[PDB]
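*Asks:* There's a structure below that I have some questions on.
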């Protein structure tokens with residue numbers, strides 16, 4: 003149940019948090035998905051900070 007932990011994202015490019023709804027991710031990091039009901043911004047958790055990341059800098063690993 004809640005098989006969300008099977009699908010993770012790979013930060014292809016680094017991104018600095020510009021607004022509190024976002025989150026800072028370093029390129030090369032594997033992040034856990036919290037929400038994918040968007041094609042533009044995915045909600046992920048980085049270490050202890052949660053926020054949305056631009057799908058242009060991050061890809062899903064099938």
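Residue numbers (my numbering): 3 to 64. Where a beta carbon is used, it is the ideal one built from N, C-alpha and C, also for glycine.
Excluding the 5 residues flanking residue 45 on each side, which residues of the same chain have their C-beta closer than 6 angstroms to its C-beta?
*Replies:* 36, 37, 54
*Asks:* Pick helix, strand or coil for residue 77, following the three-state DSSP scheme.
*Replies:* This structure cannot settle anything about residue 77, because the visible part of the chain is limited to 3 through 64.
*Asks:* I need the DSSP call for residue 13, collapsed to helix, strand or coil.
*Replies:* strand
*Asks:* Measure from the C-beta of residue 52 to each C-beta in chain D and report whether the shortest distance is under 8 angstroms.
*Replies:* Here there is only one protein chain, and chain D is not present.
*Asks:* How many angstroms separate the CA atom of residue 34 from the CA atom of residue 7?
*Replies:* 7 angstroms
*Asks:* When you compare only the Cα positions, how much space is there between residue 23 and residue 42?
*Replies:* Those two C-alpha atoms are separated by around 14 angstroms.
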